[PDB]
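Here we start with a single chain on its own, the form deposited in one PDB entry, put down as structure tokens.
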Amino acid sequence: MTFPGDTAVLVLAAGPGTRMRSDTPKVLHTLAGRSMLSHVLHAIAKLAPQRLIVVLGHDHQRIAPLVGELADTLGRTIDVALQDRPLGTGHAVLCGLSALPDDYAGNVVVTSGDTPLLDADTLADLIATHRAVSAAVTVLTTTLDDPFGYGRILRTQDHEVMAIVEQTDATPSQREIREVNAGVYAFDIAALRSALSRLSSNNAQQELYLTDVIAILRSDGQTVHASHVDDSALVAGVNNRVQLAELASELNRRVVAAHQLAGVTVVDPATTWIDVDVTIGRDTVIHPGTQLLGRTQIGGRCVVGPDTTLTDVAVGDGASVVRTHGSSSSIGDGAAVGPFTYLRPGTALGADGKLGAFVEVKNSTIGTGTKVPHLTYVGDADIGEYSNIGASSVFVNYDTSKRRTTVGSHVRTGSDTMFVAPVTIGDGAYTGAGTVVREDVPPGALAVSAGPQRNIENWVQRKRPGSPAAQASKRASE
């Protein structure tokens, strides 16, 4: 942050990713609310290289679209190079180069589409070191407890880099090496072209190994330079779903920490999932088993969770959102939502409103200070202020009617009222318990439909004789 020039970045993304066992292209799997690809491109764009090229393989029609979207989001131009068949990483670099002017003179940085955690600094350091050491190729390495599967970096006691050897081609002895190839490079474009031209597919994998390039350039008498990255997580890639979840977990730790340091109490970081676009205000407390997803925004002094999932929800200041499942909705200041509350898209709850337990709202607006405390569904309706919706009620329209039920302010509807849409209820109106409202109700009016209660006096003895409820017999002689 930022890059020099002219710098061109290739992002290899044309591998089959068979180890994911997925019918969804590897780079499109997500963590923290962005696909791996989106993560990679966001970091790269922040460095603003002259050219940004994504090498894609056979399923490129499924991916190029996303790339164009990111191009626009990122305010820049991102090109696509094709590689019909995965003949190797080296071959992929060729294809990606084919999208540069044959006379390109800038540095060529190579990275992968499956390293979500890679950051601006690590890249900027990479090129900087590459220029300082006047290297023909610079390669990022890191050390792993288990180096299995990755390229072993061969050094002489000199610490001089000799070559990179793949897991498949390595000897048992070489496999003990725990310093591995990160797969992030900086090249002198001419040396890169030269070296690539000479690759051979005589491998355990019979492919064209981009990694062979550090060996040919050693042998060319060129400057070959490795650069160790300590924070190995930054350089970690995703080849299967085990590694996906580990990177997800690790990214999540960093996002949660940042929030904690900015004044957010997270009781249980290991159990609080927060996407990268989420914002949270000061002195807010998040309880365990909570996930805040998409573009969710929480104000200050809120209490969220436990066991709460919010996608693209906006929460004002001083609100409580407990054991709630919700998406695309707004909760105003000092509102109380939960526990056991479901908000569907389109829900807007005003300041000091209350959505209680076993309440669901979809596409509804609920005015300041209004309470829907119990066992109620509110669909496609607008409610006013300081009203009180009785328990066990339902606002529903049997459709595709786009007419909305309307309820005024200071209303008090009775337990078990069914509102058949579309209907209009006036300010300070009441409804009787067990009322079916099919007709508008005037301000100050009382709507009712329930019949009068009648008592059948010795009914249990007569029509349920001998039962335990022959405890009426006990009660009588007492």
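One rule holds for the numbers: they count along the sequence shown, beginning at 1. We call the rigid core whatever largest set of C-alpha positions still superposes within 1.5 Å between the two forms. Shifts are known only where both forms have a C-alpha.
Another form exists, deposited in another entry; not displayed. Remarks below refer to it.
Candidate set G68, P422, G432, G426; criterion, C-alpha shift of 2 Å or more between this form and the one not shown after rigid-core fit; matching residue, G68. With a cut-off of 2 Å and the rigid core superposed, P465 has a Cα displacement that falls short of the cut-off between this form and the one not shown. Taking 2 Å as the criterion, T171 counts as shifted between this form and the one not shown: its C-alpha moves by at least this amount when the rigid core is aligned. In that other deposited form, the CA atoms of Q61 and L293 come closer by at least 3 angstroms compared with the shown structure. Compared with the form shown here, the C-alpha atoms of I78 and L66 sit at least 3 Å closer together in that other deposited form. Core-superposed comparison between this form and the one not shown: residues with C-alpha shifts of 2 Å or more form runs of three or more at 58 to 68, 171 to 174, 467 to 471.
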